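This report concerns only the one structure given below.
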Amino acid sequence: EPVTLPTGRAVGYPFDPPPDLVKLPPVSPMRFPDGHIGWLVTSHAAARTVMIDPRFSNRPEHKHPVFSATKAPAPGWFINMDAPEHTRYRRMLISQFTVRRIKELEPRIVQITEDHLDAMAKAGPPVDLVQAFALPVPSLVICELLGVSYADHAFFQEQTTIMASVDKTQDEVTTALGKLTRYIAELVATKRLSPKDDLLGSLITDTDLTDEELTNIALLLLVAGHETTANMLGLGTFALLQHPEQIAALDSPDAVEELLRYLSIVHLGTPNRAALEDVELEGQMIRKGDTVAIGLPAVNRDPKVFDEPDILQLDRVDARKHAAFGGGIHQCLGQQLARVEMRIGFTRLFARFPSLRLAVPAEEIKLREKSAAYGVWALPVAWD
Ligand code: HEM
């Protein structure tokens, strides 16, 4: 019988998947919000198949929305494209996201992070880590990536904070997104006049990308990279405070990978894809026109892949099989930047405040249960 997309986390188990997801067989029929009866995939093996197989399309016309569709993806909005279209954009951006090119940003990521930790030390405790650190820091990292001027930091942060914060209406969000989008078009127009060696400057120089395509690429980087990162930083801090034996393990080489696996913040039927043909999948028959959604949090706890899947274990040997970054052609472009932001962010936070603790009971922390990026709405913390 078709299940609805599981949304309910067990009280007192904020980091673990909904029990109604973990309970399911590998491939389940799913009733979508519009009535479509598609599929939800929960095994690591079957998920991998969906992510790498070309008979699954990410074009939005073919797809039934996962919660809450017409329209070709705007030029440059390459997440929602298939090869060969996807490939053209992806090939030009590769260069900008290696270990090597991201390394150039590290010193500024460091300073941004320390700046924010300085502001927390200066205000003294208690502080909401979400607004003081987890939201702002990754937004200012994107400002650097995109080469936003310093005079425009306050504006960029304001709109980006609105989009990502609790107690904001849908109209407020939409309004902020339009301000941000207009600002990016203007930023791209300025850089066209005098291109530098930032991501956008390099692209204007080395490629035939139009203003429109650059605008959409910059926006996509913002939208895919802000809330994701912010929420790993916030929920990850939560997890570390609730499992503090792990803090001493934070320098382990795969510690950020284990946090990515355990938390699986891209948590609600994403990635999802439209079948372009009939496809057989773990003995089920997906038909042409069916939407297939992946339940990453369960993929990342698959007992055929990971030992003791439900324990947070920063020095685990098998963290790197996780799919927290997706898979296939759309596998996260910003993966290397995220990793560095998280490493730098978790490490400096705990070095500065070895005494950090939650400033309210754990039961009081509010969770982003229906949001595309799972996390906490607020994280009051204190220190000595
Ligand atoms: C600097 C931060 C980041 C940037 C700039 C960024 C950028 C992007 C972009 C452009 C894509 C689409 C790639 C394509 O279609 O070829 C993408 C995909 C994806 N990213 Fe990231 N990302 C960032 C951080 C994160 C974080 C922290 C996570 C999760 C922990 C995440 C998870 C994903 C996943 C699951 C996809 C695949 C979505 C799908 O297949 O439908 N990303 N990212």
Side-chain angles (χ1 to χ4, degrees), residues 58 60 71-81 85-98 101-102 104-106 108-109 112 135-164 173-231 325-326 329-338 340-341 372-373:
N58 211 33
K71 289 164 59 169
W77 191 268
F78 60 82
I79 191 166
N80 284 146
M81 291 182 182
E85 293 85 8
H86 175 81
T87 322
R88 169 172 179 250
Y89 300 104
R90 179 89 183 198
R91 174 189 301 111
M92 302 176 184
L93 291 166
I94 275 195
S95 355
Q96 304 304 145
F97 288 95
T98 63
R101 175 75 166 151
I102 294 311
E104 301 169 13
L105 306 168
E106 288 201 36
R108 182 74 187 135
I109 309 184
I112 286 165
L135 290 175
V137 162
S139 181
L140 284 174
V141 179
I142 294 306
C143 283
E144 280 290 319
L145 189 55
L146 299 187
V148 173
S149 85
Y150 270 74
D152 295 326
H153 286 352
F155 165 79
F156 188 90
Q157 296 300 87
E158 182 183 26
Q159 299 320 134
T160 250
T161 302
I162 285 158
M163 295 195 314
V173 169
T174 296
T175 293
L177 178 59
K179 295 183 185 161
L180 222 290
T181 303
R182 286 175 239 123
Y183 160 83
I184 294 331
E186 171 219 320
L187 176 67
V188 168
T190 297
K191 316 240 199 220
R192 178 77 66 195
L193 263 17
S194 184
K196 300 298 194 298
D197 307 329
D198 60 357
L199 180 145
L200 293 172
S202 303
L203 289 180
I204 293 170
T205 289
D206 302 344
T207 80
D208 63 8
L209 294 166
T210 66
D211 278 20
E212 173 169 64
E213 280 172 322
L214 291 172
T215 299
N216 290 132
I217 290 165
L219 188 61
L220 177 53
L221 294 168
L222 170 61
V223 169
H226 179 213
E227 290 194 78
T228 47
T229 310
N231 283 295
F325 282 128
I329 67 171
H330 293 299
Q331 185 178 100
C332 183
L333 178 72
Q335 240 168 29
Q336 182 51 208
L337 178 52
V340 163
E341 290 186 73

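FYI, the numbering just counts along the sequence from 1.
- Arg101 approaches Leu199 most closely through the heavy-atom pair NH2-N, 3.5 Å.
- Among residues two or more places apart in sequence or in another chain, the side chain to side chain donor-acceptor pair (under 3.5 Å) test is passed with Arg90 by none.
- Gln157 places a side-chain N or O within 3.5 Å of a backbone atom of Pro136 that can act as its donor or acceptor partner.
- Going from atom CG of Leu337 over to atom OG1 of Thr98 covers 11.0 Å, rounded to the nearest 0.5 Å.
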For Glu341 and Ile102, run side chain to side chain contact (heavy atoms under 4.5 Å, CB included): C-alpha distance rounded to whole Å, both residues' side-chain angles, the deciding distance at 0.1 Å, then the answer. CA-CA 10 Å; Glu341 290 186 73; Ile102 294 311; over 6 Å; no
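- In this structure, the side chains of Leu219 and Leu177 come closer than 4.5 Å at one or more pairs of heavy atoms.
- A distance of 4.5 Å separates CD1 of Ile217 from CG of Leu209, quoted to the nearest 0.5 Å.
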Take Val340 and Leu105 through the test side chain to side chain contact (heavy atoms under 4.5 Å, CB included) and record every step on the way to the result. CA-CA 9 Å; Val340 163; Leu105 306 168; over 6 Å; no
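- Pairing each heavy atom of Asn216 with each of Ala74, the nearest pair is OD1-CB, 3.4 Å.
- Put simply, CZ on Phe325 and OG1 on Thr228 are 8.0 Å apart, with the number rounded to the nearest 0.5 Å.
- A pairwise comparison of heavy atoms in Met92 and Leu203 identifies O-CD2, 4.0 Å as the closest pair.
- A donor-acceptor pair under 3.5 Å is absent between the side-chain atoms of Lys191 and the main chain of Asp198, judged by distance alone.
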Show, in sequence, the C-alpha distance, side-chain angles and deciding distance for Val137 and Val141, and conclude whether the side chain to side chain contact (heavy atoms under 4.5 Å, CB included) test is met. CA-CA 6 Å; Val137 162; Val141 179; 4.3 Å; yes
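- Under the 3.5 Å distance criterion, the side-chain polar atoms of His86 are matched with a main-chain donor or acceptor of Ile329.
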Please step through side chain to side chain contact (heavy atoms under 4.5 Å, CB included) for the pair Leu221 and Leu333, ending with a clear verdict. CA-CA 9 Å; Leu221 294 168; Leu333 178 72; 4.0 Å; yes
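- Here the shortest heavy-atom pairing between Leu200 and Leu146 reads CD1-O, 3.4 Å.
- The OG atom of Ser139 sits 10.0 Å away from atom CD of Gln159, with the distance rounded to the nearest 0.5 Å.
- Considering every non-hydrogen atom in both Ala176 and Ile162, the closest pair reads CB-CG2, 3.8 Å.
- Counting only residues at least two apart or in different chains, ring pair (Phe, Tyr, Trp, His ring centres under 6.0 Å) contacts with residues 173-198 comprise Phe155-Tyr183.
- In this structure, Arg91 and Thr207 have side chains that are not in contact, with every pair of non-hydrogen atoms separated by 4.5 Å or more.
- One distance of note links OG1 of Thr174 with CE of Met163; it measures 10.0 Å at 0.5 Å rounding.
- Side-chain contact between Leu135 and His226 is present, with heavy atoms from C-beta onward closer than 4.5 Å.
- The line from OG1 of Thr160 to CG of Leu222 is 4.5 Å long, rounded to the nearest 0.5 Å.
- Ring centers of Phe156 and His153: at least 6.0 Å apart, outside the cut-off.
- Shortest non-hydrogen contact noted between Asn58 and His330 is CB-NE2, 3.8 Å.
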